[PDB]
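The data block below is entry_35.cif; it holds mmCIF, C-alpha atoms.
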```cif
data_protein
loop_
_atom_site.group_PDB
_atom_site.id
_atom_site.type_symbol
_atom_site.label_atom_id
_atom_site.label_comp_id
_atom_site.auth_asym_id
_atom_site.auth_seq_id
_atom_site.Cartn_x
_atom_site.Cartn_y
_atom_site.Cartn_z
ATOM 1 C CA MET L 1 -86.463 -41.460 31.873
ATOM 2 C CA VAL L 2 -89.314 -40.216 29.684
ATOM 3 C CA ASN L 3 -92.886 -39.759 30.909
ATOM 4 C CA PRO L 4 -95.189 -42.748 31.554
ATOM 5 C CA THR L 5 -97.875 -43.326 28.925
ATOM 6 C CA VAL L 6 -101.137 -45.247 29.293
ATOM 7 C CA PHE L 7 -103.138 -46.920 26.527
ATOM 8 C CA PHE L 8 -106.912 -47.349 26.304
ATOM 9 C CA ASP L 9 -109.243 -49.495 24.202
ATOM 10 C CA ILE L 10 -112.617 -48.420 22.814
ATOM 11 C CA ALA L 11 -115.399 -50.967 22.338
ATOM 12 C CA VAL L 12 -118.825 -50.671 20.710
ATOM 13 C CA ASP L 13 -121.565 -53.163 21.570
ATOM 14 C CA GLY L 14 -118.945 -55.804 22.305
ATOM 15 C CA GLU L 15 -117.091 -55.078 19.073
ATOM 16 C CA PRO L 16 -113.567 -53.589 19.201
ATOM 17 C CA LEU L 17 -112.688 -50.318 17.471
ATOM 18 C CA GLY L 18 -109.130 -49.117 18.005
ATOM 19 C CA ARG L 19 -106.609 -47.980 20.604
ATOM 20 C CA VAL L 20 -106.001 -44.542 22.116
ATOM 21 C CA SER L 21 -103.098 -43.699 24.424
ATOM 22 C CA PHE L 22 -102.291 -40.584 26.451
ATOM 23 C CA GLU L 23 -98.823 -39.253 27.269
ATOM 24 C CA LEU L 24 -100.032 -37.572 30.460
ATOM 25 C CA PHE L 25 -98.026 -34.753 32.041
ATOM 26 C CA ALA L 26 -96.801 -36.618 35.121
ATOM 27 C CA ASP L 27 -94.195 -33.865 35.431
ATOM 28 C CA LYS L 28 -96.548 -30.881 35.265
ATOM 29 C CA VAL L 29 -98.899 -32.507 37.776
ATOM 30 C CA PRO L 30 -96.771 -34.643 40.132
ATOM 31 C CA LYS L 31 -99.813 -35.610 42.200
ATOM 32 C CA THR L 32 -103.166 -35.961 40.439
ATOM 33 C CA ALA L 33 -101.721 -37.775 37.426
ATOM 34 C CA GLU L 34 -99.236 -39.457 39.762
ATOM 35 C CA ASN L 35 -102.000 -41.702 41.102
ATOM 36 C CA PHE L 36 -103.660 -42.405 37.753
ATOM 37 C CA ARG L 37 -100.622 -44.586 37.058
ATOM 38 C CA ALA L 38 -101.806 -47.005 39.743
ATOM 39 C CA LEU L 39 -105.476 -46.675 38.800
ATOM 40 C CA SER L 40 -104.599 -47.563 35.207
ATOM 41 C CA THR L 41 -102.932 -50.921 35.847
ATOM 42 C CA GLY L 42 -105.336 -52.181 38.495
ATOM 43 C CA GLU L 43 -102.362 -52.450 40.839
ATOM 44 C CA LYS L 44 -104.244 -50.487 43.500
ATOM 45 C CA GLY L 45 -106.808 -53.279 43.399
ATOM 46 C CA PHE L 46 -109.588 -50.727 42.981
ATOM 47 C CA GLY L 47 -109.106 -50.437 39.231
ATOM 48 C CA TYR L 48 -112.426 -50.802 37.427
ATOM 49 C CA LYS L 49 -110.995 -52.534 34.358
ATOM 50 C CA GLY L 50 -113.885 -52.713 31.909
ATOM 51 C CA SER L 51 -116.056 -49.627 32.330
ATOM 52 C CA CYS L 52 -118.261 -47.495 30.082
ATOM 53 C CA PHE L 53 -119.372 -43.920 29.407
ATOM 54 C CA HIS L 54 -122.172 -41.878 30.976
ATOM 55 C CA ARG L 55 -122.946 -39.179 28.407
ATOM 56 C CA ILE L 56 -121.749 -38.123 24.955
ATOM 57 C CA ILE L 57 -122.286 -34.913 22.991
ATOM 58 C CA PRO L 58 -120.782 -34.555 19.490
ATOM 59 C CA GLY L 59 -119.818 -30.894 19.297
ATOM 60 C CA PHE L 60 -119.288 -29.946 22.936
ATOM 61 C CA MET L 61 -117.724 -32.815 24.883
ATOM 62 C CA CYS L 62 -118.301 -36.300 26.297
ATOM 63 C CA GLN L 63 -117.621 -36.805 30.005
ATOM 64 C CA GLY L 64 -118.797 -39.844 31.942
ATOM 65 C CA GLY L 65 -115.814 -41.681 33.376
ATOM 66 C CA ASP L 66 -115.502 -43.247 36.821
ATOM 67 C CA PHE L 67 -114.572 -46.420 38.701
ATOM 68 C CA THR L 68 -117.091 -46.881 41.514
ATOM 69 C CA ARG L 69 -117.203 -50.455 42.810
ATOM 70 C CA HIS L 70 -118.880 -52.339 45.657
ATOM 71 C CA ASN L 71 -115.554 -52.682 47.471
ATOM 72 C CA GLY L 72 -115.579 -49.236 49.053
ATOM 73 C CA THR L 73 -113.411 -46.779 47.137
ATOM 74 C CA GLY L 74 -115.589 -45.011 44.587
ATOM 75 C CA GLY L 75 -114.446 -42.414 42.085
ATOM 76 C CA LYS L 76 -112.448 -39.597 43.663
ATOM 77 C CA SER L 77 -108.969 -40.245 45.058
ATOM 78 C CA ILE L 78 -106.781 -43.349 44.884
ATOM 79 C CA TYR L 79 -105.319 -42.508 48.293
ATOM 80 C CA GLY L 80 -108.312 -40.832 49.908
ATOM 81 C CA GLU L 81 -111.125 -38.575 48.724
ATOM 82 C CA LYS L 82 -110.040 -35.150 47.475
ATOM 83 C CA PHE L 83 -106.789 -33.176 47.378
ATOM 84 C CA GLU L 84 -105.839 -29.513 46.997
ATOM 85 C CA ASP L 85 -104.976 -28.218 43.526
ATOM 86 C CA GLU L 86 -101.260 -28.243 42.718
ATOM 87 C CA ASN L 87 -101.295 -25.907 39.716
ATOM 88 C CA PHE L 88 -102.423 -25.386 36.121
ATOM 89 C CA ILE L 89 -99.190 -24.432 34.361
ATOM 90 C CA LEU L 90 -100.549 -26.508 31.480
ATOM 91 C CA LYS L 91 -102.327 -24.315 28.930
ATOM 92 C CA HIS L 92 -105.631 -25.279 27.308
ATOM 93 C CA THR L 93 -104.906 -26.642 23.831
ATOM 94 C CA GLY L 94 -106.031 -29.399 21.485
ATOM 95 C CA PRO L 95 -109.575 -30.369 20.441
ATOM 96 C CA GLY L 96 -109.502 -33.055 23.116
ATOM 97 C CA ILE L 97 -107.226 -32.393 26.082
ATOM 98 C CA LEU L 98 -107.168 -34.406 29.309
ATOM 99 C CA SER L 99 -108.159 -32.750 32.587
ATOM 100 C CA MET L 100 -110.843 -33.503 35.174
ATOM 101 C CA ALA L 101 -114.371 -32.479 36.164
ATOM 102 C CA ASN L 102 -114.872 -32.054 39.910
ATOM 103 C CA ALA L 103 -116.181 -29.564 42.470
ATOM 104 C CA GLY L 104 -113.313 -27.257 41.559
ATOM 105 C CA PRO L 105 -112.080 -25.986 44.944
ATOM 106 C CA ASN L 106 -109.249 -28.140 46.290
ATOM 107 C CA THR L 107 -110.882 -31.255 44.839
ATOM 108 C CA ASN L 108 -109.006 -32.464 41.760
ATOM 109 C CA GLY L 109 -110.876 -35.756 41.965
ATOM 110 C CA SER L 110 -110.622 -38.557 39.414
ATOM 111 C CA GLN L 111 -113.478 -37.621 37.084
ATOM 112 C CA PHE L 112 -112.498 -36.670 33.535
ATOM 113 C CA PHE L 113 -113.765 -36.174 29.982
ATOM 114 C CA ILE L 114 -112.719 -36.395 26.332
ATOM 115 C CA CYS L 115 -113.852 -33.226 24.560
ATOM 116 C CA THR L 116 -114.211 -33.259 20.775
ATOM 117 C CA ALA L 117 -114.185 -29.473 20.428
ATOM 118 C CA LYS L 118 -111.891 -26.697 21.653
ATOM 119 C CA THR L 119 -113.392 -25.692 25.001
ATOM 120 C CA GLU L 120 -110.713 -23.648 26.765
ATOM 121 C CA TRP L 121 -113.482 -21.815 28.620
ATOM 122 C CA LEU L 122 -113.665 -24.420 31.386
ATOM 123 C CA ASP L 123 -110.107 -24.179 32.708
ATOM 124 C CA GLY L 124 -109.467 -22.174 35.862
ATOM 125 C CA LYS L 125 -111.810 -24.293 37.967
ATOM 126 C CA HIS L 126 -110.200 -27.711 37.515
ATOM 127 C CA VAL L 127 -106.655 -29.015 37.068
ATOM 128 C CA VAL L 128 -105.810 -29.829 33.451
ATOM 129 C CA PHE L 129 -103.196 -32.458 32.605
ATOM 130 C CA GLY L 130 -102.938 -34.875 29.694
ATOM 131 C CA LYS L 131 -103.421 -35.130 25.937
ATOM 132 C CA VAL L 132 -104.028 -37.447 22.981
ATOM 133 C CA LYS L 133 -100.806 -39.367 22.360
ATOM 134 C CA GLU L 134 -102.010 -41.530 19.472
ATOM 135 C CA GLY L 135 -105.283 -43.033 18.286
ATOM 136 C CA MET L 136 -107.285 -39.819 18.014
ATOM 137 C CA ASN L 137 -108.695 -41.356 14.833
ATOM 138 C CA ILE L 138 -110.916 -43.339 17.198
ATOM 139 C CA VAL L 139 -111.904 -40.426 19.435
ATOM 140 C CA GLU L 140 -113.878 -39.248 16.406
ATOM 141 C CA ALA L 141 -115.663 -42.529 15.693
ATOM 142 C CA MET L 142 -117.197 -42.528 19.173
ATOM 143 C CA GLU L 143 -118.292 -38.959 18.449
ATOM 144 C CA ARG L 144 -120.636 -40.193 15.718
ATOM 145 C CA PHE L 145 -122.455 -43.147 17.281
ATOM 146 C CA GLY L 146 -123.744 -40.976 20.110
ATOM 147 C CA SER L 147 -126.624 -38.502 20.189
ATOM 148 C CA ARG L 148 -126.979 -34.746 20.666
ATOM 149 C CA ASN L 149 -128.879 -35.002 23.952
ATOM 150 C CA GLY L 150 -127.128 -37.540 26.159
ATOM 151 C CA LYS L 151 -128.052 -41.095 25.197
ATOM 152 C CA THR L 152 -125.802 -42.981 22.779
ATOM 153 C CA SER L 153 -126.966 -45.259 19.965
ATOM 154 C CA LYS L 154 -124.186 -47.595 21.098
ATOM 155 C CA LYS L 155 -122.249 -48.350 24.284
ATOM 156 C CA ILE L 156 -118.547 -47.790 24.950
ATOM 157 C CA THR L 157 -116.792 -50.571 26.863
ATOM 158 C CA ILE L 158 -113.226 -51.209 28.015
ATOM 159 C CA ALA L 159 -111.244 -54.403 27.438
ATOM 160 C CA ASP L 160 -107.773 -53.968 28.930
ATOM 161 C CA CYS L 161 -105.509 -51.241 30.312
ATOM 162 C CA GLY L 162 -102.187 -50.472 31.970
ATOM 163 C CA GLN L 163 -98.938 -48.816 30.919
ATOM 164 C CA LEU L 164 -98.089 -48.387 27.235
ATOM 165 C CA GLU L 165 -94.340 -48.717 27.791
#
```
What does the file become when written as structure tokens?
Amino acid sequence: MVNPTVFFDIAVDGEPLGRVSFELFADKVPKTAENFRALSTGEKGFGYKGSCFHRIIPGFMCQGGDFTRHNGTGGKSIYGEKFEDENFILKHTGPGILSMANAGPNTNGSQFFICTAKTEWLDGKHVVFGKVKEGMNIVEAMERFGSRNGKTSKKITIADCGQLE
């Protein structure tokens, strides 16, 4: 009944901002996004819970999301390392769609980005799946405290996570 949605919080130097959730096409990608459900509630035990960003570029994209811990899992696959690509029936739309940035060839991975601009010229190499349910108003704020080069005037941190519904 209905697709599972996950919420996310955006922090800035310890100060809260808002809340952004993603519907996620668990039906279009019954595999890659099928694991994210467990890596979003910390149920797998590997969940990072309280991470940050790596790079931010206002005008092109953002990228910089992982969950590498001392344990021994790292950012890649919740049930292994890499997995073949299921499909990309999902078209490239929206100024900030959800997908993933990995090697490309049979390696969906866990890496992902935000994207503040329409960049449908990346698809074809990775498996796209996701979107901006609600809270986009925040996705813009973070795209103003950064810097056109890599470094960010501020620092994005996570507070809590899990399943919206």
- request: Would you list the contacts of stretch 38-40 of chain L as a PyMOL selection string, taking every protein, DNA or RNA residue within 6 Å and counting only C-alpha atoms, but skipping same-chain residues closer than 4 positions in sequence?
  value: chain L and resi 44+47+162
Please dump the current selection as a PDB file, in the frame of the given file; keep C-alpha atoms.
```pdb
ATOM      1  CA  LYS L  44    -104.244 -50.487  43.500  1.00  0.00           C
ATOM      2  CA  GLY L  47    -109.106 -50.437  39.231  1.00  0.00           C
ATOM      3  CA  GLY L 162    -102.187 -50.472  31.970  1.00  0.00           C
TER       4      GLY L 162
END
```
- request: Could you expand the PyMOL selection byres ((chain L and resi 97) around 8) into the explicit residues it covers here, written as a ChimeraX atom specification?
  value: /L:92-96,98-99,114-115,128-132
field: Exercise: residue L:109 partners within 8 Å, only C-alpha atoms, chain neighbours under 5 positions left out, as an MDAnalysis selection string
entry: chainID L and resid 32 75:77 81:83 100:102
task: Considering only C-alpha atoms, return as a PyMOL selection string whatever protein or nucleic-acid residues lie within 7 Å of stretch 138-148 of chain L, sequence-local ones (same chain, fewer than 2 positions apart) excluded.
output: chain L and resi 18+56-58+135-136+150-154
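As for atom CA of residue L:116 and atom CA of residue L:7, they are spaced 18.5 Å apart.
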statement: Separating atom CA of residue L:72 from atom CA of residue L:20, to the nearest tenth of an Å, is a gap of 29.0 Å
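If you look at atom CA of residue L:118 and atom CA of residue L:65, they are 19.4 Å away from each other.
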query: Residues at most 7 Å from residue L:106, counting all atoms listed in the file, excluding those fewer than 2 positions away in the same chain, as a PyMOL selection string?
result: chain L and resi 83-85+104+108
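Among the candidate residues L:71, L:63, L:137, L:157, the one lying nearest to residue L:16 is L:157, with distances computed using all atoms listed in the file.
Using all atoms listed in the file, the smallest distance between any of L:33, L:122, L:17, L:61 and residue L:86 comes from L:33.
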message: I need the residue nearest residue L:19 from this list: L:91, L:66, L:164, L:111. Use all atoms listed in the file for the distance.
response: L:164
Padding 8 Å on each side, edges along x, y and z: where is the centre of the box around the listed atoms of stretch 53-56 of chain L, and how long are its edges in Å to one decimal? Output it as lines of an AutoDock Vina configuration file.
```
center_x = -121.2
center_y = -41.0
center_z = 28.0
size_x = 19.6
size_y = 21.8
size_z = 22.0
```
query: Could you name the residues that touch residue L:161 at 8 Å or less, counting only C-alpha atoms, but leaving out those on the same chain fewer than 6 positions away, as a list in words?
result: residues 6, 7, 8, 9, 40, 41 and 49 of chain L
message: The residues within 7 Å of (-94.9, -44.8, 30.1), using all atoms listed in the file and the coordinates of the file, should be reported as a PyMOL selection string; which are they?
response: chain L and resi 3-6+163-165
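When all atoms listed in the file are used to measure the gap to residue L:31, the shortest distance among L:87, L:51, L:119, L:68 belongs to L:87.
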field: Pick from L:73, L:134, L:23, L:29, whichever lies nearest to residue L:45 using only C-alpha atoms
entry: L:73
Where atoms are missing, can you supply N, CA, C and O atoms for stretch 89-100 of chain L and output the lot as a PDB file, keeping the file's coordinate frame?
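What ended up in out_7.pdb:
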```pdb
ATOM      1  N   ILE L  89    -100.187 -24.949  35.289  1.00  0.00           N
ATOM      2  CA  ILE L  89     -99.190 -24.432  34.361  1.00  0.00           C
ATOM      3  C   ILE L  89     -99.492 -24.864  32.930  1.00  0.00           C
ATOM      4  O   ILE L  89     -99.102 -24.197  31.972  1.00  0.00           O
ATOM      5  N   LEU L  90    -100.192 -25.986  32.794  1.00  0.00           N
ATOM      6  CA  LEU L  90    -100.549 -26.508  31.480  1.00  0.00           C
ATOM      7  C   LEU L  90    -101.646 -25.665  30.838  1.00  0.00           C
ATOM      8  O   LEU L  90    -102.727 -25.496  31.406  1.00  0.00           O
ATOM      9  N   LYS L  91    -101.364 -25.139  29.651  1.00  0.00           N
ATOM     10  CA  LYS L  91    -102.327 -24.315  28.930  1.00  0.00           C
ATOM     11  C   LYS L  91    -103.398 -25.180  28.273  1.00  0.00           C
ATOM     12  O   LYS L  91    -103.203 -26.379  28.068  1.00  0.00           O
ATOM     13  N   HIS L  92    -104.530 -24.565  27.944  1.00  0.00           N
ATOM     14  CA  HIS L  92    -105.631 -25.279  27.308  1.00  0.00           C
ATOM     15  C   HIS L  92    -105.456 -25.310  25.793  1.00  0.00           C
ATOM     16  O   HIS L  92    -105.631 -24.296  25.116  1.00  0.00           O
ATOM     17  N   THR L  93    -105.107 -26.479  25.266  1.00  0.00           N
ATOM     18  CA  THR L  93    -104.906 -26.642  23.831  1.00  0.00           C
ATOM     19  C   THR L  93    -105.404 -28.002  23.357  1.00  0.00           C
ATOM     20  O   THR L  93    -105.638 -28.903  24.161  1.00  0.00           O
ATOM     21  N   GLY L  94    -105.563 -28.144  22.044  1.00  0.00           N
ATOM     22  CA  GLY L  94    -106.031 -29.399  21.485  1.00  0.00           C
ATOM     23  C   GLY L  94    -107.539 -29.536  21.551  1.00  0.00           C
ATOM     24  O   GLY L  94    -108.183 -29.092  22.502  1.00  0.00           O
ATOM     25  N   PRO L  95    -108.126 -30.162  20.520  1.00  0.00           N
ATOM     26  CA  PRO L  95    -109.575 -30.369  20.441  1.00  0.00           C
ATOM     27  C   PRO L  95    -110.072 -31.382  21.466  1.00  0.00           C
ATOM     28  O   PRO L  95    -111.277 -31.539  21.664  1.00  0.00           O
ATOM     29  N   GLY L  96    -109.137 -32.067  22.118  1.00  0.00           N
ATOM     30  CA  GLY L  96    -109.502 -33.055  23.116  1.00  0.00           C
ATOM     31  C   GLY L  96    -108.409 -33.270  24.144  1.00  0.00           C
ATOM     32  O   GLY L  96    -107.724 -34.293  24.127  1.00  0.00           O
ATOM     33  N   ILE L  97    -108.244 -32.304  25.042  1.00  0.00           N
ATOM     34  CA  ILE L  97    -107.226 -32.393  26.082  1.00  0.00           C
ATOM     35  C   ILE L  97    -107.737 -33.178  27.285  1.00  0.00           C
ATOM     36  O   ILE L  97    -108.944 -33.358  27.457  1.00  0.00           O
ATOM     37  N   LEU L  98    -106.812 -33.642  28.118  1.00  0.00           N
ATOM     38  CA  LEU L  98    -107.168 -34.406  29.309  1.00  0.00           C
ATOM     39  C   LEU L  98    -107.066 -33.542  30.562  1.00  0.00           C
ATOM     40  O   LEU L  98    -106.045 -32.897  30.801  1.00  0.00           O
ATOM     41  N   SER L  99    -108.128 -33.537  31.359  1.00  0.00           N
ATOM     42  CA  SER L  99    -108.159 -32.750  32.587  1.00  0.00           C
ATOM     43  C   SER L  99    -108.918 -33.488  33.685  1.00  0.00           C
ATOM     44  O   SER L  99    -108.510 -34.564  34.122  1.00  0.00           O
ATOM     45  N   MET L 100    -110.025 -32.901  34.128  1.00  0.00           N
ATOM     46  CA  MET L 100    -110.843 -33.503  35.174  1.00  0.00           C
ATOM     47  C   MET L 100    -112.027 -32.605  35.522  1.00  0.00           C
ATOM     48  O   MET L 100    -111.908 -31.380  35.527  1.00  0.00           O
TER      49      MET L 100
END
```
